[PDB]
file upload_3.txt (compact mmCIF, N, CA and C atoms)
# COMPACT_ATOMS: atom_id res chain seq x y z
N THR A 166 -1.91 -10.37 69.25
CA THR A 166 -1.91 -11.57 70.14
C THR A 166 -0.52 -11.83 70.69
N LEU A 167 -0.38 -12.92 71.45
CA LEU A 167 0.92 -13.25 72.02
C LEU A 167 1.94 -13.54 70.92
N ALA A 168 1.54 -14.28 69.89
CA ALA A 168 2.46 -14.59 68.80
C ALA A 168 2.90 -13.32 68.07
N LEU A 169 1.96 -12.40 67.85
CA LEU A 169 2.31 -11.15 67.16
C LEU A 169 3.31 -10.34 67.96
N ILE A 170 3.13 -10.27 69.28
CA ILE A 170 4.06 -9.52 70.12
C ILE A 170 5.45 -10.14 70.06
N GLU A 171 5.52 -11.48 70.14
CA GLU A 171 6.82 -12.15 70.06
C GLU A 171 7.48 -11.91 68.71
N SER A 172 6.71 -11.97 67.63
CA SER A 172 7.27 -11.72 66.31
C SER A 172 7.79 -10.30 66.19
N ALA A 173 7.03 -9.33 66.71
CA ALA A 173 7.49 -7.94 66.67
C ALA A 173 8.76 -7.76 67.48
N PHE A 174 8.83 -8.37 68.66
CA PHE A 174 10.04 -8.27 69.48
C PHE A 174 11.24 -8.89 68.77
N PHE A 175 11.04 -10.05 68.14
CA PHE A 175 12.13 -10.68 67.40
C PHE A 175 12.59 -9.82 66.24
N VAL A 176 11.64 -9.22 65.51
CA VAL A 176 12.00 -8.35 64.40
C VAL A 176 12.79 -7.14 64.90
N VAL A 177 12.35 -6.54 66.01
CA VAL A 177 13.05 -5.39 66.56
C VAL A 177 14.46 -5.78 66.98
N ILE A 178 14.61 -6.94 67.62
CA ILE A 178 15.93 -7.39 68.05
C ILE A 178 16.83 -7.61 66.85
N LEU A 179 16.31 -8.25 65.81
CA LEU A 179 17.08 -8.51 64.60
C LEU A 179 17.29 -7.23 63.80
N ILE A 188 29.11 -2.42 66.84
CA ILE A 188 29.94 -1.71 67.80
C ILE A 188 31.00 -2.65 68.37
N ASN A 189 32.27 -2.32 68.11
CA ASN A 189 33.36 -3.16 68.61
C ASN A 189 33.38 -3.18 70.13
N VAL A 190 33.16 -2.03 70.77
CA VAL A 190 33.17 -1.97 72.23
C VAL A 190 32.06 -2.84 72.81
N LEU A 191 30.86 -2.75 72.22
CA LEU A 191 29.75 -3.55 72.72
C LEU A 191 30.03 -5.04 72.58
N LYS A 192 30.60 -5.45 71.44
CA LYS A 192 30.92 -6.86 71.22
C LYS A 192 32.14 -7.31 72.01
N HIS A 193 32.93 -6.39 72.54
CA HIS A 193 34.12 -6.77 73.30
C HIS A 193 33.77 -7.34 74.67
N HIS A 194 32.54 -7.15 75.14
CA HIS A 194 32.15 -7.68 76.44
C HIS A 194 32.18 -9.21 76.42
N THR A 195 32.69 -9.79 77.50
CA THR A 195 32.81 -11.23 77.64
C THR A 195 31.92 -11.70 78.78
N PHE A 196 31.08 -12.70 78.50
CA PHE A 196 30.18 -13.28 79.50
C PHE A 196 30.39 -14.78 79.53
N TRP A 197 30.69 -15.31 80.71
CA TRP A 197 30.92 -16.75 80.89
C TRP A 197 31.97 -17.26 79.91
N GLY A 198 33.03 -16.47 79.73
CA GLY A 198 34.09 -16.86 78.81
C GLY A 198 33.64 -16.95 77.37
N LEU A 199 32.75 -16.06 76.95
CA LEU A 199 32.27 -16.05 75.58
C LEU A 199 31.88 -14.63 75.20
N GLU A 200 31.85 -14.37 73.90
CA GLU A 200 31.51 -13.04 73.41
C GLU A 200 30.06 -12.71 73.73
N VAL A 201 29.82 -11.49 74.23
CA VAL A 201 28.46 -11.07 74.55
C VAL A 201 27.62 -10.99 73.28
N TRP A 202 28.19 -10.42 72.21
CA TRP A 202 27.45 -10.30 70.96
C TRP A 202 27.10 -11.68 70.40
N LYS A 203 28.04 -12.62 70.44
CA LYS A 203 27.76 -13.96 69.95
C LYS A 203 26.66 -14.63 70.76
N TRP A 204 26.71 -14.49 72.09
CA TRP A 204 25.68 -15.08 72.93
C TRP A 204 24.32 -14.46 72.64
N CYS A 205 24.26 -13.14 72.47
CA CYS A 205 23.00 -12.49 72.14
C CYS A 205 22.47 -12.96 70.80
N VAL A 206 23.35 -13.10 69.81
CA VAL A 206 22.92 -13.58 68.49
C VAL A 206 22.38 -15.00 68.59
N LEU A 207 23.06 -15.86 69.35
CA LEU A 207 22.59 -17.23 69.52
C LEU A 207 21.23 -17.26 70.21
N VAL A 208 21.05 -16.43 71.24
CA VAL A 208 19.77 -16.39 71.95
C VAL A 208 18.67 -15.92 71.02
N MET A 209 18.94 -14.89 70.22
CA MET A 209 17.94 -14.40 69.27
C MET A 209 17.60 -15.46 68.24
N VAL A 210 18.60 -16.18 67.75
CA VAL A 210 18.35 -17.24 66.78
C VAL A 210 17.49 -18.34 67.39
N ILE A 211 17.79 -18.72 68.63
CA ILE A 211 16.99 -19.74 69.30
C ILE A 211 15.56 -19.27 69.47
N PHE A 212 15.37 -18.01 69.86
CA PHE A 212 14.03 -17.48 70.06
C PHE A 212 13.24 -17.44 68.76
N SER A 213 13.89 -17.02 67.67
CA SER A 213 13.23 -16.84 66.39
C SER A 213 13.25 -18.08 65.51
N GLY A 214 13.79 -19.19 66.00
CA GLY A 214 13.75 -20.42 65.23
C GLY A 214 12.34 -20.85 64.88
N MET A 215 11.40 -20.70 65.82
CA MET A 215 10.02 -21.07 65.55
C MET A 215 9.44 -20.23 64.42
N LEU A 216 9.67 -18.91 64.46
CA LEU A 216 9.17 -18.04 63.40
C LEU A 216 9.82 -18.37 62.06
N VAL A 217 11.12 -18.66 62.07
CA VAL A 217 11.81 -19.00 60.83
C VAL A 217 11.25 -20.29 60.25
N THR A 218 11.01 -21.29 61.11
CA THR A 218 10.43 -22.54 60.64
C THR A 218 9.03 -22.33 60.08
N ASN A 219 8.23 -21.50 60.75
CA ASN A 219 6.88 -21.22 60.25
C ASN A 219 6.93 -20.54 58.89
N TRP A 220 7.83 -19.56 58.73
CA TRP A 220 7.96 -18.88 57.44
C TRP A 220 8.42 -19.85 56.36
N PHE A 221 9.38 -20.72 56.67
CA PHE A 221 9.85 -21.69 55.69
C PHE A 221 8.73 -22.65 55.30
N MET A 222 7.94 -23.10 56.27
CA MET A 222 6.82 -23.99 55.97
C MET A 222 5.79 -23.29 55.10
N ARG A 223 5.49 -22.03 55.39
CA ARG A 223 4.55 -21.28 54.56
C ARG A 223 5.07 -21.13 53.14
N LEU A 224 6.35 -20.82 52.99
CA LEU A 224 6.93 -20.69 51.65
C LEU A 224 6.88 -22.02 50.90
N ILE A 225 7.18 -23.12 51.59
CA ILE A 225 7.14 -24.43 50.96
C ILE A 225 5.72 -24.77 50.52
N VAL A 226 4.74 -24.47 51.37
CA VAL A 226 3.35 -24.74 51.02
C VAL A 226 2.94 -23.92 49.81
N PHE A 227 3.33 -22.64 49.78
CA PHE A 227 3.00 -21.79 48.64
C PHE A 227 3.64 -22.32 47.36
N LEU A 228 4.90 -22.75 47.44
CA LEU A 228 5.57 -23.30 46.26
C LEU A 228 4.88 -24.58 45.79
N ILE A 229 4.49 -25.44 46.73
CA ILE A 229 3.83 -26.69 46.36
C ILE A 229 2.48 -26.41 45.71
N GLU A 230 1.76 -25.41 46.22
CA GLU A 230 0.46 -25.07 45.64
C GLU A 230 0.60 -24.67 44.18
N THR A 231 1.62 -23.86 43.86
CA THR A 231 1.88 -23.47 42.48
C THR A 231 2.55 -24.57 41.67
N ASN A 232 3.01 -25.64 42.32
CA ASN A 232 3.66 -26.73 41.61
C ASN A 232 2.63 -27.54 40.82
N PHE A 233 3.14 -28.39 39.93
CA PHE A 233 2.29 -29.21 39.08
C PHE A 233 1.77 -30.46 39.79
N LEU A 234 2.24 -30.74 41.01
CA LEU A 234 1.77 -31.91 41.73
C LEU A 234 0.28 -31.80 42.02
N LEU A 235 -0.44 -32.91 41.82
CA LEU A 235 -1.88 -32.94 42.04
C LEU A 235 -2.33 -34.20 42.77
N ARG A 236 -1.43 -34.88 43.48
CA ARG A 236 -1.79 -36.10 44.20
C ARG A 236 -2.47 -35.71 45.51
N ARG A 237 -3.76 -36.03 45.63
CA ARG A 237 -4.50 -35.67 46.83
C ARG A 237 -3.92 -36.36 48.06
N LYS A 238 -3.61 -37.66 47.94
CA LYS A 238 -3.04 -38.38 49.08
C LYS A 238 -1.69 -37.80 49.48
N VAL A 239 -0.83 -37.53 48.50
CA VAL A 239 0.47 -36.95 48.81
C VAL A 239 0.30 -35.56 49.42
N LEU A 240 -0.59 -34.75 48.85
CA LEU A 240 -0.83 -33.42 49.39
C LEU A 240 -1.39 -33.49 50.80
N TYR A 241 -2.32 -34.41 51.05
CA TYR A 241 -2.88 -34.55 52.39
C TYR A 241 -1.81 -34.98 53.39
N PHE A 242 -0.95 -35.93 53.00
CA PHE A 242 0.12 -36.36 53.89
C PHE A 242 1.09 -35.22 54.17
N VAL A 243 1.42 -34.43 53.15
CA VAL A 243 2.32 -33.30 53.34
C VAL A 243 1.70 -32.28 54.29
N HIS A 244 0.41 -31.99 54.11
CA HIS A 244 -0.26 -31.05 55.00
C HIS A 244 -0.27 -31.57 56.43
N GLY A 245 -0.52 -32.87 56.61
CA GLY A 245 -0.54 -33.43 57.95
C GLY A 245 0.82 -33.40 58.63
N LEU A 246 1.88 -33.70 57.88
CA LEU A 246 3.22 -33.80 58.43
C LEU A 246 4.00 -32.49 58.35
N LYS A 247 3.39 -31.41 57.86
CA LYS A 247 4.09 -30.13 57.79
C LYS A 247 4.51 -29.66 59.17

call {"tool": "encode", "arguments": {"input": "upload_3.txt", "output": "structure tokens"}}
result
Amino acid sequence: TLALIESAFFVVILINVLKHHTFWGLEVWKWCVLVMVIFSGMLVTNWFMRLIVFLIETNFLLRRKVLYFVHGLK
């Protein structure tokens, strides 16, 4: 799907001469890294949320209301 293609592209995306290039008065490598981080922020947040949900499931907490609120506000 569209999400899978974006995730694969981000994974694929993730040399002194190459980094020496300057764009708009800034390092080309730094700009590319920032762009990749911005693009993959959604995937990183989704992975973190999944990990948190998995940890909570294995946790000793058993409050249905608290669990429901956490699921809603995740």

call {"tool": "select_by_dssp", "arguments": {"input": "upload_3.txt", "residues": "chain A", "states": "strand (DSSP E or B)", "output": "count of residues only"}}
result
4

call {"tool": "residues_around", "arguments": {"input": "upload_3.txt", "residues": "residue 202 of chain A", "least_positions_apart": "6", "cutoff": "7 Å", "atoms": "only N, CA and C atoms", "output": "PyMOL selection string"}}
result
chain A and resi 191-195

call {"tool": "select_by_dssp", "arguments": {"input": "upload_3.txt", "residues": "chain A", "states": "helix (DSSP H, G or I)", "output": "VMD selection string"}}
result
chain A and resid 167 to 178 189 to 192 201 to 231 237 to 246

call {"tool": "atom_distance", "arguments": {"input": "upload_3.txt", "atom1": "atom N of residue 247 of chain A", "atom2": "atom C of residue 176 of chain A"}}
result
27.0 Å

call {"tool": "closest_residue", "arguments": {"input": "upload_3.txt", "among": "A:207, A:239, A:216, A:201", "to": "residue 172 of chain A", "atoms": "only N, CA and C atoms"}}
result
A:216

call {"tool": "atom_distance", "arguments": {"input": "upload_3.txt", "atom1": "atom CA of residue 226 of chain A", "atom2": "atom C of residue 171 of chain A"}}
result
22.2 Å

call {"tool": "atom_distance", "arguments": {"input": "upload_3.txt", "atom1": "atom CA of residue 206 of chain A", "atom2": "atom CA of residue 227 of chain A"}}
result
29.3 Å

call {"tool": "closest_residue", "arguments": {"input": "upload_3.txt", "among": "A:179, A:222, A:169, A:235", "to": "residue 208 of chain A", "atoms": "only C-alpha atoms"}}
result
A:179
